[PDB]
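Since the structure comes first, as structure tokens, the remarks are kept for the end.
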Protein chains: 6
Amino acid sequence: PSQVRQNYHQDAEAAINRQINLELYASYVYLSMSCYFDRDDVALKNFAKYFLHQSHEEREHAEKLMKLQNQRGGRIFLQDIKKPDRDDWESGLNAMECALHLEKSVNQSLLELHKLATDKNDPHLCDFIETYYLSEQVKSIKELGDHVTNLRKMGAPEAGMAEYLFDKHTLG
Amino acid sequence: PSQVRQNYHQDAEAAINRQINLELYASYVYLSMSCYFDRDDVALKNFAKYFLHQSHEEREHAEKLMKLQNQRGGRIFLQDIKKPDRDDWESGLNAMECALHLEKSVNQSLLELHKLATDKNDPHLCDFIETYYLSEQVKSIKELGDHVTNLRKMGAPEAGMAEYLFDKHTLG
Amino acid sequence: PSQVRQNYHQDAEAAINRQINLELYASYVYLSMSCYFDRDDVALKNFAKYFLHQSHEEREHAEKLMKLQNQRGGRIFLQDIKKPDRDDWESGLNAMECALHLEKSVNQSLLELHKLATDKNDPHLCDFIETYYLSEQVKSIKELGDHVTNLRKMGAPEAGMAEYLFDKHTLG
Amino acid sequence: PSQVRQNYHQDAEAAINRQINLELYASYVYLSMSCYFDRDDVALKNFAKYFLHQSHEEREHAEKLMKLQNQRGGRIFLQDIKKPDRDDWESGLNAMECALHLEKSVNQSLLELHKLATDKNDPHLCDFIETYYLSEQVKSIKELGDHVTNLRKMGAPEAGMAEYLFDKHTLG
Amino acid sequence: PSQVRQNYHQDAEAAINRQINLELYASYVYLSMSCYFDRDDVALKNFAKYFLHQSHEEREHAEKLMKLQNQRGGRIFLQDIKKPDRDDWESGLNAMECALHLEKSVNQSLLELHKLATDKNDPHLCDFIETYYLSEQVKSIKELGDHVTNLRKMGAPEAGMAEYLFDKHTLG
Amino acid sequence: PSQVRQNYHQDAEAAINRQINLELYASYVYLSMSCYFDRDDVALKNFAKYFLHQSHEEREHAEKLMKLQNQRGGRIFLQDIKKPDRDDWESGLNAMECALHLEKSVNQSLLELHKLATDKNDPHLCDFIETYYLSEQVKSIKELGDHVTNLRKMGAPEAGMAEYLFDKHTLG
Ligand SMILES: [Fe+3]
Ligand SMILES: [Fe+3]
Ligand SMILES: [Fe+3]
Ligand SMILES: [Fe+3]
Ligand SMILES: [Fe+3]
Ligand SMILES: [Fe+3]
């Protein structure tokens with residue numbers, strides 16, 4: 001074993017490698033949304049800015065899980081990063097609704113990982129997930145729900161001034 | 001009697017204890033409106049800010065009446081603070097119309113208290129109500145009437161951009 | 001259900017609404033103690049200052065629980081705020097001993113709420129209670145015990161200089 | 001066609017989408033090298049810093065090609081990002097020699113893309129590749145050759161002080 | 001019982017007194033290592049500085065456990081501090097390997113204490129150990145493993161320039 | 001012998017190792033007094049501050065004797081640090097009287113060590129004890145005698161305001 005390794009089960013080492021690939025895939029989906037809003041037939045620059053910011057945040061989450069795996073004396077194994085489900089994201093409203101669905105699937109995976117660390121009696125790993133990951137997911141899910149509510153009430157997508165004025169006043 | 005007590009009738013001491021409970025109840029109604037606009041299915045953050053500010057102002061009015069009762073040598077007696085009439089406030093327009101009705105009922109109670117101090121020949125108590133309470137109620141009632149007029153003219157609640165743009169330009 | 005709701009049981013939503021009413025009641029008891037020390041027949045101004053500070057801290061605790069209920073997608077329901085047990089608090093020593101009893105009853109309710117979140121497997125709710133509530137209650141209970149010990153040793157209430165010199169040197 | 005499109009052949013649009021996937025793959029290989037030097041059985045922190053810097057530079061190259069494709073009125077199509085050839089990189093010398101081989105394969109692909117733009121008479125695309133890509137590759141290839149020369153002369157890998165003192169004096 | 005005591009079992013009070021003696025013993029072992037590197041026949045001043053810093057950190061850990069025992073209303077009982085296993089520590093490499101073994105034995109004792117607080121349902125005591133002790137031990141164990149790896153690769157102890165150049169470049 | 005050793009007798013080397021253990025024991029007794037005044041049933045915070053300061057001063061005296069032993073080319077040998085005589089120190093007056101007795105026993109040991117260095121003709125060792133130790137002990141003994149005199153005249157321990165007002169005005 002590694003000279004530093006203590007109280008660190010092989011099931012937890014394997015589950016951390018699965019979470020690293022999921023954060024890298026989330027970063028790639030947000031990059032694809034950012035490219036779509038910069039097309040000349042779409043042209044919404046504060047929507048493009050917003051999704052490029054989310055893409056860089058998800059890469060930082062991934063690089064912080066790699067640091068934890070080396071600190072406990074586990075070994076990192078990388079896999080393929082699969083392509084997104086779509087190339088064309090249809091509208092400002094539909095992109096926000098797709099992002100809300102993604103963030104809820106990442107939160108479900110983190111809750112399953114906390115349950116495994118609890119069953120293996122790893123208190124350091126439980127505290128790391130609570131402190132750096134769970135409170136950030138709850139904050140992101142609430143912001144995306146508030147954006148979907150306002151866009152639906154203004155009459156997006158059919159009311160043509162709706163996505164233009166939301167790009168200026170909320171995302172500006 | 002208290003060693004400080006002079007020209008202070010027992011009817012006025014009892015009427016001051018009734019006004020203290022009414023300001024505490026007004027503060028609780030504005031807190032309930034502030035919580036409603038922060039729901040994920042409502043999401044109007046400048047409406048939530050506005051009503052939380054009114055809730056803190058009404059508590060200051062209450063604490064200033066307690067100071068007056070101790071200065072004249074009367075004795076404070078507290079009662080229950082009853083719950084608001086509603087949990088769901090329906091829209092931005094309906095909440096402003098409920099607040100206009102509340103502020104007019106607080107003003108009516110203050111006018112009845114000035115009439116009692118006039119009949120008992122208490123000039124210090126008449127001047128305190130004129131200086132700190134009557135000119136603040138007239139200013140608050142006029143502001144709420146101007147907000148109701150603008151929201152009705154923009155087409156709230158059915159015109160979906162109306163409450164969104166009023167939250168940005170008047171309450172911002 | 002709310003579009004944001006995930007891993008949030010209806011028993012926990014109901015227990016959070018009970019804790020909100022208990023913090024609002026604690027805030028009202030400290031306001032009643034602050035009024036008592038400002039009477040002309042009592043006249044202890046640093047005792048009055050101390051309890052008005054505790055009353056404002058307990059309102060902030062309440063408003064922070066309302067924010068958590070809206071973030072997880074639950075619904076806030078308000079009740080009556082009942083009046084305190086007393087209008088006259090007898091002395092500086094007796095008021096500190098009543099406050100020590102109140103803070104221990106609020107801590108017991110928070111420990112029962114952490115036990116319920118543990119049984120329902122809600123790690124986000126467990127961490128919120130640990131981080132913002134449990135370490136503040138332990139710190140408040142120790143300060144109140146140290147004030148009761150010093151006042152009893154100086155000979156309060158019968159030694160008339162005791163509460164006067166404690167108001168100047170500890171609460172000043 | 002797009003309303004902005006002028007002098008932009010479909011073969012060049014397809015070749016730009018192939019270069020975008022190659023820069024994203026280069027960024028992933030440098031991230032895998034950075035993780036290796038942070039293991040407790042390797043522990044070379046200025047080697048880890050150096051490769052994390054190269055990984056972030058290659059992502060910026062990719063995001064700048066996406067901007068060019070939208071400016072000329074072409075359409076971006078993403079593919080899978082394949083995993084690196086290795087998980088264990090053996091030594092400081094072997095990692096520098098693998099990086100020199102990678103940078104020469106990226107330069108060969110850029111030279112083939114300039115030849116295609118020359119044959120299609122696209123002067124704007126020729127100038128973009130010359131100005132932002134060709135002079136950066138020649139500078140990177142020369143730096144990596146100088147690092148390999150010094151490490152071989154000091155006696156790496158078998159002379160144990162060689163990689164330690166190069167980490168302190170050249171990469172510090 | 002103490003007037004402040006709530007939810008605090010006598011087994012946990014006894015286990016906290018055992019951890020206080022273990023941190024005081026760790027502080028004494030690091031002081032003995034610091035004296036050894038200041039001998040005229042050893043003369044390594046950055047090694048002496050490094051171990052004197054660790055000795056002062058372990059005393060702060062002890063004094064913070066005493067504060068917790070008084071806050072929960074338990075009673076402190078002191079024992080003898082036993083002498084270290086050695087007076088002569090042989091080399092820079094052997095001292096780092098002895099320190100790595102000590103830090104892993106302190107971490108094992110803290111994990112046994114978290115398991116006891118979990119079984120007694122003491123959430124305040126669980127959070128204190130997680131927040132102030134577990135993340136500091138994991139960070140210290142990883143640093144000591146990286147120092148042992150570099151010293152072995154440079155050829156310590158037999159390669160006479162190895163401990164001299166590590167004292168200048170890593171501990172400087 | 002050590003290459004630096006000159007005019008340094010083996011009896012003096014052995015007497016310096018005995019004085020090192022006595023300063024470490026004095027530091028441990030003052031730490032036990034500091035913990036006692038922070039109990040919730042005692043609660044005297046300027047008494048707790050005062051004794052924690054004395055505990056840190058006695059550790060500095062010990063670390064300065066270790067430096068002298070290495071400078072003259074002698075060898076340090078550590079022993080057990082025995083536990084204090086008491087866990088409960090009864091009052092502010094009784095703790096000051098115990099500290100006065102301790103400081104006089106440390107001074108007696110230093111006078112016996114100066115007499116031995118005089119008999120062995122070691123002028124450097126005589127000057128070190130005069131310059132750094134003898135004038136500090138005479139100053140500490142006089143301060144403790146003045147504190148005992150004032151506490152006895154104010155009526156401590158039975159006059160309950162005595163230790164409270166001395167904590168505020170002399171130790172503040
Ligand atoms: Fe994430
Ligand atoms: Fe008012
Ligand atoms: Fe509270
Ligand atoms: Fe490149
Ligand atoms: Fe420690
Ligand atoms: Fe001393």
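Scheme for the structure tokens: letters A, B, ... for chains in order shown; per-chain residue numbers from 1; ligand numbers from 1 in order shown.
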Worksheet item: Which chains and residue numbers are within 6 Å of ligand 3, counting only C-alpha atoms and all ligand atoms, if I want them as a list in words?
Response: residues 23, 58 and 61 of chain C
Discussion item. Would you pick out the contacts of range 62-76 of chain F at 8 Å or less, using only C-alpha atoms, so that residues sharing its chain but fewer than 4 positions from it are not included, and give the list as a count of residues only?
Written reply: 19
Discussion item. Give me, as a ChimeraX atom specification, all polymer residues having an atom no more than 9 Å from residue 33 in chain D, counting only C-alpha atoms and skipping those fewer than 5 positions away in the same chain.
Written reply: /D:47-48,51-52,87-89,95
Mind writing the picked residues with N, CA, C and O atoms as a PDB file, in the first residue's frame?
```
ATOM      1  N   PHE D  47       7.592  20.361 -11.250  1.00  0.00           N
ATOM      2  CA  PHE D  47       7.141  19.550 -12.397  1.00  0.00           C
ATOM      3  C   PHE D  47       5.581  19.526 -12.490  1.00  0.00           C
ATOM      4  O   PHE D  47       5.037  19.813 -13.553  1.00  0.00           O
ATOM      5  N   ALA D  48       4.851  19.291 -11.386  1.00  0.00           N
ATOM      6  CA  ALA D  48       3.380  19.321 -11.354  1.00  0.00           C
ATOM      7  C   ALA D  48       2.780  20.682 -11.792  1.00  0.00           C
ATOM      8  O   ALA D  48       1.870  20.724 -12.630  1.00  0.00           O
ATOM      9  N   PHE D  51       3.310  21.344 -15.849  1.00  0.00           N
ATOM     10  CA  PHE D  51       2.337  20.657 -16.689  1.00  0.00           C
ATOM     11  C   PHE D  51       0.880  21.139 -16.509  1.00  0.00           C
ATOM     12  O   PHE D  51       0.120  21.182 -17.484  1.00  0.00           O
ATOM     13  N   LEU D  52       0.466  21.573 -15.321  1.00  0.00           N
ATOM     14  CA  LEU D  52      -0.876  22.194 -15.118  1.00  0.00           C
ATOM     15  C   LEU D  52      -0.987  23.513 -15.906  1.00  0.00           C
ATOM     16  O   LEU D  52      -2.032  23.754 -16.500  1.00  0.00           O
ATOM     17  N   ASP D  87      -1.294   5.949 -17.663  1.00  0.00           N
ATOM     18  CA  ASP D  87      -1.599   6.475 -16.335  1.00  0.00           C
ATOM     19  C   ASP D  87      -0.346   6.766 -15.492  1.00  0.00           C
ATOM     20  O   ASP D  87      -0.329   7.681 -14.687  1.00  0.00           O
ATOM     21  N   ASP D  88       0.751   6.015 -15.682  1.00  0.00           N
ATOM     22  CA  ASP D  88       2.048   6.142 -15.014  1.00  0.00           C
ATOM     23  C   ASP D  88       3.106   6.623 -16.022  1.00  0.00           C
ATOM     24  O   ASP D  88       3.285   6.032 -17.097  1.00  0.00           O
ATOM     25  N   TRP D  89       3.765   7.756 -15.748  1.00  0.00           N
ATOM     26  CA  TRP D  89       4.685   8.430 -16.682  1.00  0.00           C
ATOM     27  C   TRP D  89       6.187   8.190 -16.381  1.00  0.00           C
ATOM     28  O   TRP D  89       7.033   8.778 -17.030  1.00  0.00           O
ATOM     29  N   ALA D  95       8.605  12.024 -19.235  1.00  0.00           N
ATOM     30  CA  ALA D  95       7.498  12.945 -19.406  1.00  0.00           C
ATOM     31  C   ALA D  95       7.837  14.108 -20.367  1.00  0.00           C
ATOM     32  O   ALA D  95       7.010  14.383 -21.251  1.00  0.00           O
TER      33      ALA D  95
END
```
Practice prompt. Find the spatial neighbours of range 147-158 of chain F, counting only C-alpha atoms, within a cut-off of 9 Å - ignore same-chain residues fewer than 4 positions away - and output them as JSON, numbers by chain.
Written response: {"F": [91, 92, 93, 94, 96, 97, 100, 142, 143, 162, 163, 166, 170]}
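Here CA of residue 36 in chain E stands at a distance of 10.8 Å from CA of residue 77 in chain F.
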Practice prompt. Dump as a list in words the residues of chain C that approach chain E to within 7 Å, counting only C-alpha atoms.
Written response: residues 130, 134, 135, 141, 142 and 145 of chain C
Result of fitting chain C on chain B (Cα atoms paired in order), as an mmCIF file with C-alpha atoms, in the first residue's frame:
```cif
data_model
loop_
_atom_site.group_PDB
_atom_site.id
_atom_site.type_symbol
_atom_site.label_atom_id
_atom_site.label_comp_id
_atom_site.auth_asym_id
_atom_site.auth_seq_id
_atom_site.Cartn_x
_atom_site.Cartn_y
_atom_site.Cartn_z
ATOM 1 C CA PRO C 1 -47.654 55.995 42.214
ATOM 2 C CA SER C 2 -44.235 56.172 40.445
ATOM 3 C CA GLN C 3 -41.993 59.031 41.824
ATOM 4 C CA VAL C 4 -41.808 60.600 38.251
ATOM 5 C CA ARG C 5 -45.584 60.485 37.416
ATOM 6 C CA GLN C 6 -47.256 63.870 36.637
ATOM 7 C CA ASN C 7 -50.381 64.795 34.557
ATOM 8 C CA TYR C 8 -50.620 61.143 33.166
ATOM 9 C CA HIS C 9 -54.193 59.637 33.237
ATOM 10 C CA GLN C 10 -54.811 55.798 33.531
ATOM 11 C CA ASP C 11 -56.939 55.761 30.281
ATOM 12 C CA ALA C 12 -53.901 57.072 28.278
ATOM 13 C CA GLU C 13 -51.572 54.423 29.899
ATOM 14 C CA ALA C 14 -54.065 51.702 28.747
ATOM 15 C CA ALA C 15 -54.398 53.130 25.185
ATOM 16 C CA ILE C 16 -50.536 53.215 24.767
ATOM 17 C CA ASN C 17 -50.391 49.432 25.683
ATOM 18 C CA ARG C 18 -53.030 48.752 22.887
ATOM 19 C CA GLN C 19 -50.969 50.709 20.272
ATOM 20 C CA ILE C 20 -47.752 48.707 21.173
ATOM 21 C CA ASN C 21 -49.535 45.373 20.289
ATOM 22 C CA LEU C 22 -50.835 46.861 16.953
ATOM 23 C CA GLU C 23 -47.297 47.929 15.750
ATOM 24 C CA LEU C 24 -45.908 44.411 16.657
ATOM 25 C CA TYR C 25 -48.766 42.781 14.618
ATOM 26 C CA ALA C 26 -48.009 45.105 11.587
ATOM 27 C CA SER C 27 -44.321 44.022 11.713
ATOM 28 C CA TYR C 28 -45.397 40.290 11.599
ATOM 29 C CA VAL C 29 -47.713 40.795 8.491
ATOM 30 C CA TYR C 30 -44.828 42.449 6.515
ATOM 31 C CA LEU C 31 -42.465 39.514 7.432
ATOM 32 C CA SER C 32 -45.075 37.037 5.958
ATOM 33 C CA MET C 33 -45.237 39.064 2.662
ATOM 34 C CA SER C 34 -41.361 39.080 2.418
ATOM 35 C CA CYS C 35 -41.215 35.236 2.703
ATOM 36 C CA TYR C 36 -43.807 34.808 -0.116
ATOM 37 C CA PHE C 37 -41.782 36.728 -2.802
ATOM 38 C CA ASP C 38 -38.674 34.500 -2.068
ATOM 39 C CA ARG C 39 -40.479 31.199 -3.088
ATOM 40 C CA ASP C 40 -38.972 29.480 -6.211
ATOM 41 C CA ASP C 41 -42.423 29.632 -7.959
ATOM 42 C CA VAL C 42 -42.643 33.490 -7.376
ATOM 43 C CA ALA C 43 -38.967 34.715 -7.403
ATOM 44 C CA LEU C 44 -39.285 38.606 -7.184
ATOM 45 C CA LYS C 45 -36.220 39.748 -5.136
ATOM 46 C CA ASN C 46 -36.781 43.558 -5.039
ATOM 47 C CA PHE C 47 -40.420 42.964 -3.819
ATOM 48 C CA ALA C 48 -38.950 40.671 -1.014
ATOM 49 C CA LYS C 49 -36.332 43.420 -0.041
ATOM 50 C CA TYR C 50 -39.045 46.156 0.070
ATOM 51 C CA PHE C 51 -41.343 44.298 2.514
ATOM 52 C CA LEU C 52 -38.421 43.162 4.820
ATOM 53 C CA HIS C 53 -37.501 46.907 5.142
ATOM 54 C CA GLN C 54 -41.141 47.793 6.189
ATOM 55 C CA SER C 55 -41.091 44.950 8.803
ATOM 56 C CA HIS C 56 -37.957 46.401 10.551
ATOM 57 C CA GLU C 57 -39.412 50.002 10.523
ATOM 58 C CA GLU C 58 -42.607 48.845 12.343
ATOM 59 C CA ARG C 59 -40.502 47.186 15.162
ATOM 60 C CA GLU C 60 -38.652 50.489 15.728
ATOM 61 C CA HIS C 61 -42.076 52.262 16.175
ATOM 62 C CA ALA C 62 -43.033 49.714 18.843
ATOM 63 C CA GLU C 63 -39.719 50.021 20.821
ATOM 64 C CA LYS C 64 -40.128 53.900 20.822
ATOM 65 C CA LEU C 65 -43.657 53.623 22.415
ATOM 66 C CA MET C 66 -42.147 51.379 25.206
ATOM 67 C CA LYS C 67 -39.537 54.134 25.916
ATOM 68 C CA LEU C 68 -42.356 56.798 26.265
ATOM 69 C CA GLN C 69 -44.375 54.571 28.725
ATOM 70 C CA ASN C 70 -41.300 54.197 31.018
ATOM 71 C CA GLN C 71 -40.450 57.979 30.761
ATOM 72 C CA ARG C 72 -43.975 59.105 32.011
ATOM 73 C CA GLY C 73 -43.902 56.411 34.779
ATOM 74 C CA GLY C 74 -46.596 54.017 33.399
ATOM 75 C CA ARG C 75 -46.242 50.167 33.287
ATOM 76 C CA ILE C 76 -45.921 47.995 30.143
ATOM 77 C CA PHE C 77 -48.246 44.896 29.781
ATOM 78 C CA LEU C 78 -47.648 42.541 26.742
ATOM 79 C CA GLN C 79 -50.233 40.302 24.991
ATOM 80 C CA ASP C 80 -50.213 37.570 22.273
ATOM 81 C CA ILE C 81 -49.169 38.560 18.702
ATOM 82 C CA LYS C 82 -51.861 36.949 16.442
ATOM 83 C CA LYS C 83 -50.949 35.250 13.065
ATOM 84 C CA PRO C 84 -51.632 37.062 9.668
ATOM 85 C CA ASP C 85 -54.911 36.474 7.698
ATOM 86 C CA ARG C 86 -53.053 34.673 4.799
ATOM 87 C CA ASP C 87 -50.037 32.509 3.996
ATOM 88 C CA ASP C 88 -50.282 32.983 0.140
ATOM 89 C CA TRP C 89 -50.456 36.636 -1.126
ATOM 90 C CA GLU C 90 -51.444 35.860 -4.812
ATOM 91 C CA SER C 91 -49.447 38.667 -6.724
ATOM 92 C CA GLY C 92 -47.342 41.877 -6.522
ATOM 93 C CA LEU C 93 -50.489 44.074 -7.068
ATOM 94 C CA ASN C 94 -52.637 42.266 -4.412
ATOM 95 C CA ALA C 95 -49.830 42.544 -1.776
ATOM 96 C CA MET C 96 -49.547 46.393 -2.359
ATOM 97 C CA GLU C 97 -53.354 46.744 -2.036
ATOM 98 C CA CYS C 98 -53.360 44.712 1.261
ATOM 99 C CA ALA C 99 -50.487 46.920 2.635
ATOM 100 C CA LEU C 100 -52.437 50.189 1.765
ATOM 101 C CA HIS C 101 -55.438 48.846 3.786
ATOM 102 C CA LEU C 102 -53.189 47.978 6.822
ATOM 103 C CA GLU C 103 -51.462 51.463 6.943
ATOM 104 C CA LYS C 104 -54.879 53.248 6.882
ATOM 105 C CA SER C 105 -56.099 51.104 9.879
ATOM 106 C CA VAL C 106 -52.915 52.054 11.923
ATOM 107 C CA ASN C 107 -53.498 55.782 11.095
ATOM 108 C CA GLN C 108 -57.167 55.607 12.334
ATOM 109 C CA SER C 109 -55.971 54.187 15.736
ATOM 110 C CA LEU C 110 -53.375 57.037 16.126
ATOM 111 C CA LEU C 111 -56.108 59.711 15.400
ATOM 112 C CA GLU C 112 -58.330 58.179 18.147
ATOM 113 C CA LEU C 113 -55.323 58.323 20.596
ATOM 114 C CA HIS C 114 -54.654 62.058 19.833
ATOM 115 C CA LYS C 115 -58.380 62.808 20.529
ATOM 116 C CA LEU C 116 -58.154 61.115 23.977
ATOM 117 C CA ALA C 117 -54.951 63.061 24.958
ATOM 118 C CA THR C 118 -56.700 66.326 23.889
ATOM 119 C CA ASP C 119 -59.732 65.539 26.147
ATOM 120 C CA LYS C 120 -57.438 64.713 29.185
ATOM 121 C CA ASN C 121 -55.321 67.969 28.713
ATOM 122 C CA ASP C 122 -51.923 66.140 28.144
ATOM 123 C CA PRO C 123 -49.923 68.543 25.856
ATOM 124 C CA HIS C 124 -46.651 66.474 26.023
ATOM 125 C CA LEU C 125 -48.453 63.341 24.749
ATOM 126 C CA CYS C 126 -50.230 65.342 21.926
ATOM 127 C CA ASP C 127 -46.862 66.756 20.662
ATOM 128 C CA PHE C 128 -45.112 63.294 20.757
ATOM 129 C CA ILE C 129 -47.837 61.726 18.477
ATOM 130 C CA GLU C 130 -47.769 64.750 16.068
ATOM 131 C CA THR C 131 -43.914 64.887 15.802
ATOM 132 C CA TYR C 132 -43.043 61.152 15.466
ATOM 133 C CA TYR C 133 -46.162 59.269 14.095
ATOM 134 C CA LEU C 134 -48.735 61.355 12.087
ATOM 135 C CA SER C 135 -46.389 62.777 9.369
ATOM 136 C CA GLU C 136 -44.803 59.287 8.814
ATOM 137 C CA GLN C 137 -48.219 57.625 8.226
ATOM 138 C CA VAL C 138 -49.306 60.312 5.642
ATOM 139 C CA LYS C 139 -45.994 59.843 3.704
ATOM 140 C CA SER C 140 -46.320 55.945 3.670
ATOM 141 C CA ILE C 141 -50.015 56.028 2.499
ATOM 142 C CA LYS C 142 -49.153 58.319 -0.510
ATOM 143 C CA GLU C 143 -46.205 56.077 -1.632
ATOM 144 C CA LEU C 144 -48.380 52.881 -1.584
ATOM 145 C CA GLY C 145 -51.176 54.690 -3.613
ATOM 146 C CA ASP C 146 -48.602 55.711 -6.309
ATOM 147 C CA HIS C 147 -47.297 52.024 -6.581
ATOM 148 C CA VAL C 148 -50.914 50.651 -6.968
ATOM 149 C CA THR C 149 -51.658 53.284 -9.718
ATOM 150 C CA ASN C 150 -48.553 52.398 -11.809
ATOM 151 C CA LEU C 151 -49.034 48.554 -11.506
ATOM 152 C CA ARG C 152 -52.751 48.801 -12.617
ATOM 153 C CA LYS C 153 -51.824 51.053 -15.649
ATOM 154 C CA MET C 154 -49.002 48.645 -16.825
ATOM 155 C CA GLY C 155 -51.639 45.753 -16.902
ATOM 156 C CA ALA C 156 -50.663 43.694 -13.818
ATOM 157 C CA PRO C 157 -51.310 40.855 -12.983
ATOM 158 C CA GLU C 158 -52.268 39.388 -16.454
ATOM 159 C CA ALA C 159 -49.569 41.226 -18.501
ATOM 160 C CA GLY C 160 -46.561 39.009 -17.498
ATOM 161 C CA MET C 161 -43.778 41.650 -18.152
ATOM 162 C CA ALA C 162 -45.496 44.218 -15.801
ATOM 163 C CA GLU C 163 -44.371 42.970 -12.308
ATOM 164 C CA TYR C 164 -40.887 41.953 -13.748
ATOM 165 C CA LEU C 165 -40.163 45.512 -15.144
ATOM 166 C CA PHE C 166 -41.652 47.323 -12.058
ATOM 167 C CA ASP C 167 -39.325 45.117 -9.811
ATOM 168 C CA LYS C 168 -36.324 46.321 -11.943
ATOM 169 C CA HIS C 169 -37.161 50.072 -12.454
ATOM 170 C CA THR C 170 -39.130 51.260 -9.367
ATOM 171 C CA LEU C 171 -37.982 48.862 -6.569
ATOM 172 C CA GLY C 172 -34.357 48.345 -7.878
#
```
Worksheet item: If you run DSSP on the backbone, which residues of range 3-167 of chain E are alpha helix (DSSP H), as a PyMOL selection string?
Response: chain E and resi 10-37+45-71+92-119+123-129+135-154+161-167
